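Participant:
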Amino acid sequence: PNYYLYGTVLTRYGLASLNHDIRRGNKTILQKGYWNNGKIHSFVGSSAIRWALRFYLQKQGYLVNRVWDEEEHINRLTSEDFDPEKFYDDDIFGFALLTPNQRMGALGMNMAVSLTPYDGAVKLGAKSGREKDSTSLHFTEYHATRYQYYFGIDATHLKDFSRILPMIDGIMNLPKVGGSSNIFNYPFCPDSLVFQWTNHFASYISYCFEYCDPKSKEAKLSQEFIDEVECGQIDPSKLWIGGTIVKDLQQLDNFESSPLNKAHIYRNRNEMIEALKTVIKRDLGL
Amino acid sequence: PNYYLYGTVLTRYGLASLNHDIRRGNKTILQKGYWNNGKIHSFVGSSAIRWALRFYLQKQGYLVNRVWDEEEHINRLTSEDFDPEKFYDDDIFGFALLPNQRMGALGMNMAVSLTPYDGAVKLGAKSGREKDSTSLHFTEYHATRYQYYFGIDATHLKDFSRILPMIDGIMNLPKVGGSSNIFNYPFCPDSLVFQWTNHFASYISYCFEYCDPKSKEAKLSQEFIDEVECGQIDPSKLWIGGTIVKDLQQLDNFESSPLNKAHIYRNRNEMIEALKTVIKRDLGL
Amino acid sequence: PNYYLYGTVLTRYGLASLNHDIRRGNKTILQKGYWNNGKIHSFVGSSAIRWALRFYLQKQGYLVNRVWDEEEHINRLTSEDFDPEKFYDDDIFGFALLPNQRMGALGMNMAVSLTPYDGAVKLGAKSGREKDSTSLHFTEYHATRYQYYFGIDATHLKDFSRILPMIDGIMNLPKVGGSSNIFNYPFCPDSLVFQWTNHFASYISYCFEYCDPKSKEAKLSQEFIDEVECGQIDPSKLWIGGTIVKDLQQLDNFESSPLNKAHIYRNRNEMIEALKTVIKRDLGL
Amino acid sequence: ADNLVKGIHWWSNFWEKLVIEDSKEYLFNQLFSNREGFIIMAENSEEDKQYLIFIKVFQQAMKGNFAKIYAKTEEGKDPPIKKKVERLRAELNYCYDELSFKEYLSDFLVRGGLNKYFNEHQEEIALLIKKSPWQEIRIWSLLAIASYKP
Amino acid sequence: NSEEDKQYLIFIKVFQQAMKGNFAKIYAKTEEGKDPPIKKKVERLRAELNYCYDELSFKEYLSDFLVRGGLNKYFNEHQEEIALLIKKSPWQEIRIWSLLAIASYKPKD
Amino acid sequence: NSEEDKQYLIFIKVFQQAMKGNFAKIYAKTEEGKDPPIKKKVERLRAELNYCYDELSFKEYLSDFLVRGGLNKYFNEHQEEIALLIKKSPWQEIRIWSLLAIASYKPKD
Amino acid sequence: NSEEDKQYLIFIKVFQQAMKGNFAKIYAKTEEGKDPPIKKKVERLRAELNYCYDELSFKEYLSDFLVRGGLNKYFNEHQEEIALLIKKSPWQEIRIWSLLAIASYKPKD
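From first to last, the protein sequence lines stand for chains Y, X, H, C, U, F and Z. In this text, residue positions in the first sequence follow the working numbering: the first is 3, and each later residue adds one. In this text, residue positions in the second sequence follow the working numbering: the first is 303, and each later residue adds one. In this text, residue positions in the third sequence follow the working numbering: the first is 303, and each later residue adds one. In this text, residue positions in the fourth sequence follow the working numbering: the first is -16, and each later residue adds one. In this text, residue positions in the fifth sequence follow the working numbering: the first is 1159, and each later residue adds one. In this text, residue positions in the sixth sequence follow the working numbering: the first is 1159, and each later residue adds one. In this text, residue positions in the seventh sequence follow the working numbering: the first is 1159, and each later residue adds one.
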């Protein structure tokens, strides 16, 4: 049959400068726009996360057509003619050349939103002292928030169904996401997960994490998502929730009577990932 | 007896770059135009939803003339002689040779953005070093909910049972043509306004309207509610379901309003099942 | 006596591409021309609405000399000799085969766009990597309320009872010829201004105006209200219904203006029932 | 001839007849065969002057754009100047209102580079762009593209 | 010519003087080497102007460029007229005017 | 006409007069034959104006700069209008107006 | 209209009257032909306003300034509104209003 893996993942709190937009002047401005309630939020490009996943697949062995030199910062291709059958990166992320020269892309993901409105947070940079030139003064914008993004994979579209397994591990152990990690090291590893593994195209879990509370880090689950869960829609048997949000879910009153209690909920992330991979292998014959 | 199914459903909130227009420069221009109150609203082509429904029908049995390769990125015709009596695609969407030419059972309107689009642009770069003309580019997005209006003539279908798969597909719409890699926007609906009547008179056009600049509240309307209060669009012929039900049940005097006695289900699946039962009873399936 | 029925009708708001003229190059231009203030407006021809009325009369089960085979997309004649006594379409719309000809009771004018046409266009392209000359195309569309004027002669009808189905068809107008696949624009009325008088003089032709050049507001024109104030166009012979009723009732000093003593109904069905009762009383039906 | 008899300007509306009306290019081909003749009469037209200066401005801008493409062109590869010209015609025909067409025209003029003619007749060309209806400016831009001869 | 055309002409001249100032600063700052970048600077200016997506960002960039230019004789002689023209007129039309001024920049002989 | 535009113009004049006062202050401060820093001061003002992070930032700076300007007649004539304009309005538009004033004071000298 | 802006304007007037009283006091203090220090007093007032570290600091300062101003007729008629406005609202906003008031005193004389 056709199987789809939809999930919304929230990063961990910290300072991030991973989305420098245009560099208007000295200031390197975060990529930002109106998100909710008319408030400006900072967005991380989804292409950066795709690059991080490609780099993860490159690092942990595997076969990836685009090899990151990591010394000249130059991209090389092992085979000019893309072969989705062999290479993991071409099988997963697709390719456009400009065998078919075009691939659809098994992984479809959205840009990462900031769970907190971005108000100020500009930081000075001055280079050493004396003999100052035009490059001596510079500003770097930042943001103390939790980032959250939405992704979806159709394992049926993969040339090799077993390639779904490395992708989940890459999502968990994601390498650095493109940004100024030298001065703003932001770990992008998940701390709360909401995964849905179903056989139909409806997701309804696009951005389940929402807390508002301006400059806090509470990171509660959105009311509308909980209402949808109680509605009977989104079967709890097809839901996978794991991370720090699990504690808040358990602390909720009447949680046992709520349908959320019947969903696959694990406080530990790795055990939830193991259960999800077991279910995926059982339903994919691997 | 003639029967029609008019409806307007609202998508979920999220980023959207589904219908790039012309790519003026490096900016893949998200297609937009003027709408209510003279504000520029982004649009999603109705042909995109028709293609999505075609793909949904092809993916699950349901013999169709046009098969989408998914590998060669090409469309194959099983038989050039279109036969609406057999194929779902020809019976539903119609065809044109340039024979019979059909008429199409499903009529679609272009999806509109429920919120005005300011600039919503995004950078794009290709790794580092050895940069060429393809290195730097821009992409326009939009963080709103999309709304479109559709109508089917039930009687015009060659096989009356073919109305069920389209309802199933609209409830379970696959990826609508767009930048799914960068902006994966699910087009599944979260608030439905369906009417099933036996005369063409078709209100419940783009009723969903909230403006409230940059938000996601998505209130129903003032004019549609009015239309309901006045006496036309009888509630027995109306079907409302989704998250909009939660907002509707919190309105004052809702118990005495005529909108109460309409078919209201907070869960979409229950309302869809009830509508399917009503349609099957009425059409003798 | 000599009774006539005149009316100006306004449609809902939506995207419309109903009257493509002779296309140029790759773009399918929809027909447009100048109107009030010198700004270009999009026109939907009166022949389209006449065809829609013919189709309504065919569908409801009336005789109708011209039968429209939907599957064949062809028009057939039940009898080669036109008989206005027996056929509703021959009675109302007239004929000329080249007796031989009839004047025709229904006299309808074009359907103008209430809002000027900016020039919005939509790109459509055939999917798949295999691209040919017919790959991509541009279709012009307009987001507007449409307004048309019609006038019928009750006495000129061979059978006076035929005025009722025509009114029912106007209030329940089927699809008006256009592009329903990608721009499904309902032409159902949502605001009427009807006049049923024995004098011919008519002062309700195109009595609708926009509040803002790009908006869905649809307020009543100043000239019509002023002429009702001045003393002509008797309020007892005026029939106004639809969405404009709310705006009229929200006007200042409305309880003192002559508009107060005119037939105004929020629900269009009630106003239609009252006008039909008046007509049946006047013509002895 | 008709306009002559009328005494009115011969260039009453040739383009309308040649292209707008003549989609079939029955006389548009004649335009192709007699475009020089059209220009000749237009030259006689003094009022055309300003539009002639705009023609030269657009020709200089497209010369600059073609020079940029030539610089971009790799050695051995054949530059797609014909394809670029076809793209120019398609993009100009795509423009649907005043704002988009003026956007594209100004962007193309900027990309062209330093234009001598646009410098000499700064105010006149600026006012011509500001005043003239965008359809007319599009028409003369298409004529400039068709009349380009290095 | 009507008043609006005069205001538009002063705006064009104001932008041209601002570019004069910016190019002079570029020449003075990077006199080293064979030649400072101006063609690359013009291309970058066009790219930045086309980058602007709404009225706020475009007006910010325009004001920043205007102040970076320096003394502006055309903007000296007409304060209120040009200021009102900038605030009132839609930002897109300002973008067309700025691009036209860019393309019309007469080099100093 | 459009009294909001009148308030905007008088705010431009107020900011110009404040910068005039600060120019007089720096001219008084400098001594001997040293060149009074004006271009340096203008560039410093522009850089500090660009540097801002919402509400409190750049509004404190606007008020402090106006105070540093000293006696300003244009602000004297109209108290409530300019006070409400400063307290209200998004700070970015006030930044746009102030930068336009930076470039529109040069008419004075 | 917009009662909170009314409170803001009456606070502006109260601050202006208090500084009028302080100016009268210092004019009374000085004698003979020395120029009474007022621009220096304005600079001192601004500097002391700028110096603050939230809540108690700058609130004791504003209260002491109002006291040393003398009798404030506007404060007398508007005790409750002024006190409630001072107790509420971020202290940075009150400092910004006070700086506006500073530059707003001049039309008094």
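Cβ atoms here follow ideal geometry from the backbone N, Cα and C, with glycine treated the same way.
1) Figure out for me which residue from X/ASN339, X/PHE389, X/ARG314, X/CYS513 has the closest Cα to the Cα of H/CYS513.
2) H/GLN403 to H/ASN377, Cα distance in whole Å?
3) Go ahead and label Y/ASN256 buried or exposed: buried means 16 or more other beta carbons lie within 10 angstroms of its beta carbon, across all protein chains shown.
4) My guess is that C/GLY95 and C/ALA129 are in contact by the Cβ rule of under 8 Å, so how many angstroms apart are they, rounded?
5) Helix, strand or coil for H/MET412 per DSSP?
6) Going by CA-CA distance only, name the one from H/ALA354, H/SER493, H/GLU575 that's closest to H/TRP370.
7) Would you verify that the beta carbon of H/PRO476 is, or is not, closer than 8 Å to some beta carbon of chain X?
8) List, in chain order, every chain C residue whose beta-carbon is nearer than 8 Å to that of U/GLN1175.
9) Report the rounded CA-to-CA distance for residue 588 of chain X versus X/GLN534, giving the unit in angstroms.
10) What are the complete alpha helix (DSSP H) segments, minimum 4 residues, inside the stretch 174 to 199 of chain Y?
11) Does H/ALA422 get closer than 8 Å to chain C when you measure Cβ to Cβ?
12) Quick check on this structure: which residue in X/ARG352, X/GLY544, X/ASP528 has the alpha carbon closest to the alpha carbon of Y/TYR206?
13) Flag this pair as touching only if the stretch 328 to 339 of chain H and the stretch 359 to 374 of chain H have three or more C-beta atom pairs under 8 Å; answer yes or no.
14) Between which two residues does the alpha helix (DSSP H) holding residue 143 of chain C run?
15) What does DSSP give as the partner residues of H/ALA576 in its beta bridges?
16) For the stretch 1223 to 1232 of chain F against the stretch 1204 to 1222 of chain U, do three or more pairs of beta-carbon atoms, one drawn from each stretch, fall closer than 8 Å, so that the two count as touching?
17) Check distances from the C-beta atoms of the stretch 471 to 502 of chain X to those of chain Y and list, in chain order, the residues that come in under 8 Å.
18) Where DSSP assigns a beta bridge to residue 319 of chain Y, which residues make up the other side?
19) Can you pull the chain Y residues whose beta carbon is under 9 Å from the beta carbon of U/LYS1187, in chain order?
20) With contact counted as at least three CB pairs below 8 Å, one residue from each stretch, are the stretch 308 to 316 of chain H and the stretch 476 to 494 of chain H in contact?
21) Given a threshold of 16 other Cβ atoms within 10 Å of its Cβ, counted over all protein chains shown, does C/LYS85 qualify as buried or as exposed?
22) Strictly below 8 Å CB to CB, what residues from chain Y border F/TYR1211?
23) Run through the DSSP bridge pairs and tell me what H/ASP371 is partnered with.
24) If distances are taken between C-alpha atoms only, which option among Y/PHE95, Y/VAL281, Y/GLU133 comes closest to Y/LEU241?
25) Taking buried to mean at least 16 other C-beta atoms within 10 Å of its own C-beta, is Z/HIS1236 buried or exposed?
26) Kindly list, in the order they appear in chain H, the residues whose Cβ is closer than 9 Å to that of C/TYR79.
27) Which full runs of the beta strand (DSSP E) of 3+ residues lie inside the stretch 1199 to 1251 of chain U, going along the chain?
28) Can you give me the Cβ contacts of X/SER523 inside the same chain, cut-off strictly under 6 Å, excluding the 5 residues immediately before and after it?
29) Could you give the first and the last residue of the continuous alpha helix (DSSP H) run that contains H/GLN551?
30) Could you tell me whether any Cβ in chain H is nearer than 8 Å to the Cβ of C/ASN12?
31) Please report the straight-line C-alpha distance between H/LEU561 and H/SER538, rounded to a whole angstrom.
32) Closest to Y/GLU73 by CA distance: which of X/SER429, X/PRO386, X/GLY421 is it?
33) Taking 8 Å as the CB-CB limit, is U/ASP1163 close to chain C?
34) Tell me whether Y/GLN60 is buried or exposed, calling it buried when 16 or more other Cβ atoms sit within 10 Å of its Cβ.
35) Closer than 8 Å, CB to CB, is F/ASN1234 near chain Y or not?
36) Residues of the stretch 501 to 532 of chain X in Cβ contact with chain Y at a cutoff of 8 Å, in chain order, please.
Facilitator: On the basis of the supplied data:
1) Taking the first residue of the third sequence as 1, we reach residue 513 of chain H at position 211. Measuring from the Cα of H/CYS513, the nearest candidate turns out to be X/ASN339.
2) Against the third sequence, residue 403 of chain H aligns to sequence position 101. Against the third sequence, residue 377 of chain H aligns to sequence position 75. Answer to the nearest angstrom: the Cα atoms are 19 Å apart.
3) Along the first sequence, read from residue 1 onward, the residue named residue 256 of chain Y stands at position 254. Per the 10 Å Cβ criterion, exposed.
4) Along the fourth sequence, read from residue 1 onward, the residue named residue 95 of chain C stands at position 112. Along the fourth sequence, read from residue 1 onward, the residue named residue 129 of chain C stands at position 146. Actually they are not in contact, since the Cβ atoms of C/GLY95 and C/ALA129 sit about 18 Å apart, beyond 8 Å.
5) To locate residue 412 of chain H, count along the third sequence from 1; it is residue 110. Note: H/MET412 maps to strand in three-state DSSP.
6) In the third sequence, residue 370 of chain H corresponds to position 68, counting from 1. The option with the nearest alpha carbon to H/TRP370 is H/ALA354.
7) Within the third sequence, numbered from 1, the residue matching residue 476 of chain H stands at position 174. Yes - at least one Cβ of chain X is within 8 Å of the one on H/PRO476.
8) Along the fifth sequence, one-based indexing puts residue 1175 of chain U at 17. Within chain C, no residue comes near U/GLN1175; the closest Cβ sits about 13 Å away, beyond 8 Å.
9) Nothing can be reported for residue 588 of chain X: it is not among the residues displayed for chain X, which extend from 303 to 587.
10) none
11) Mapped onto the third sequence, residue 422 of chain H falls at position 120. Chain C contact via Cβ: present.
12) Counted from its first residue, the first sequence places residue 206 of chain Y at position 204. When each option's Cα is compared against that of Y/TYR206, the closest is X/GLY544.
13) no
14) Outside the modelled stretch of chain C, which goes from -16 to 133, sits residue 143 of chain C, for which no answer is possible.
15) Position 274 of the third sequence, counted from the first residue, corresponds to residue 576 of chain H. Paired residue(s): none; H/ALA576 is not in a bridge.
16) no
17) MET473, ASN474, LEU475, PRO476, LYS477, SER482, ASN483, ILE484, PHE485, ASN486, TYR487, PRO488, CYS490, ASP492
18) Outside the shown range of chain Y (3 to 288) lies residue 319 of chain Y, about which nothing can therefore be said.
19) If you number the fifth sequence from 1, residue 1187 of chain U lands on position 29. The contacting residues are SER136.
20) yes
21) Numbered from 1 along the fourth sequence, position 102 holds the residue referred to as residue 85 of chain C. Buried.
22) Working through the sixth sequence from its first residue, we reach residue 1211 of chain F at position 53. The contacting residues are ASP121, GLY122, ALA123, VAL124.
23) Position 69 of the third sequence, counted from the start, is the residue given in the question as residue 371 of chain H. Note: H/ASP371 sits in a beta bridge opposite H/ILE376.
24) Your numbering for residue 241 of chain Y matches position 239 in the first sequence. Ranking the options by Cα distance to Y/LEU241, first place goes to Y/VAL281.
25) Taking the first residue of the seventh sequence as 1, we reach residue 1236 of chain Z at position 78. Buried is the call here.
26) Residue 79 of chain C sits at position 96 when you count from the first residue of the fourth sequence. Neighbours of C/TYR79 on chain H, chain order: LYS329, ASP420, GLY421, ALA422, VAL423, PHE440, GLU442.
27) none
28) Locating residue 523 of chain X in the second sequence gives position 221, counting from the first residue. The residues are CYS509, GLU511.
29) To locate residue 551 of chain H, count along the third sequence from 1; it is residue 249. Unbroken alpha helix (DSSP H) run through H/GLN551: 546 to 551.
30) On the fourth sequence, position 29 is the one that residue 12 of chain C refers to. No, C/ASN12 does not count as interfacial toward chain H.
31) Translated into positions along the third sequence, residue 561 of chain H becomes position 259. Translated into positions along the third sequence, residue 538 of chain H becomes position 236. Each residue's Cα considered, the two are about 10 Å apart.
32) The residue labelled residue 73 of chain Y in the question sits at position 71 within the first sequence. It is X/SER429 whose Cα lies nearest to the Cα of Y/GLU73.
33) Here residue 1163 of chain U corresponds to residue number 5 of the fifth sequence, with the count starting at 1. It does; some Cβ of chain C falls within 8 Å.
34) Within the first sequence, numbered from 1, the residue matching residue 60 of chain Y stands at position 58. Buried.
35) By one-based count along the sixth sequence, residue 1234 of chain F stands at place 76. Closer than 8 Å: no.
36) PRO515, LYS516, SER517, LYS518
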